[PDB]
């Protein structure tokens, strides 16, 4: 078929599975969230917590699906239909190494739901406690062993793909052990080989040797807020892509519809990026496509705390907070606008 509605398997949408309900999970997990103290704001801050009541959730926006559980198979079905509407073929699942049965259950449910709609799942390896290249290898082995034969497990040209958040927290000399073909604990040429996509943060003078010396296969930028880092400044993307191509690396720039996290980080207002009825998203997605990249990542499906979600949101005013909303756009606008941009991206790919 050539309908302009098919999923794109070089489009990765960052997905968070940490939401809970009292009924399914025992508490409205993540809808309730601690408020972060101001890192520049001095001692004796008791910033408190957002309680995750219907009236007061840990987001500046409000989900169409309400305070949902990420473990609810019926929510997962709806999310997969939203991925189909957006044409985003890969769900890039946050992974925190919780080592508990509720995590294991959720991951299986997500894979099962994804497969019904031909969506694929890859893992976004988060900065879990004591993360290092040895336990990363062990965890890559675990994830490929447990999930690699699931029909929804993503592969690109025969290889799994992982995104590694805050990969700069690990020295290149450690990464080399895992990612160089000669490394002491290499995954190269093993059953557990994968495309490893590290997080490009700061200037080229720092990031170019880091990526080369660490032996990453590519890099992504994550942040939805333009200008937050060098990497998340879209006017740098043409030159980042040029360097990537010259050095045999895969650049997967991250695009998002906006940013606002001031319910949970009230001191962080300088990072706010207004959605402007979709114009912000359009500008950022256009820059990614114009850079001539092979793959694009979307921050985010449902990072509700950071206001980067494309998941449907609805107007809501409670006694406790007046939420932002999609304004002159309908709740599914960011899904259907994603589909528009996926089409433009595909038109650009050979």
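Numbering follows the first chain given and starts at 1. For clarity, a rigid core is taken as the largest C-alpha set superposing within 1.5 Å between two forms.
Taken in 8 other deposited structures of this protein and fitted on the core, 22-30 and 282-290 differ in how far their Cα atoms move from the shown form, and the one that moves more is 22-30.
The stretch 202-210 shows the higher mean C-alpha B-factor when 202-210 is compared against 165-173 in the entry. Mean C-alpha B-factor is higher over 32-40 than over the other stretch, the pair under comparison being 52-60 and 32-40. Comparing the listed residues 258, 158, 253, 218, the entry records the largest Cα B-factor for 158. Per the deposited record, the Cα B-factor of residue 322 falls in the highest third when ranked against the other modelled residues of its chain. In the deposited entry, the Cα temperature factor of residue 297 sits in the bottom third of values across the chain's modelled residues. Ranked within its chain, residue 308 lands in the lowest third, by CA B factor from the PDB record. When the CA B factors of the chain's modelled residues are split into thirds, the value for residue 95 lands in the lowest one. When the modelled residues of the chain are ordered by C-alpha B-factor, residue 283 sits in the middle third.
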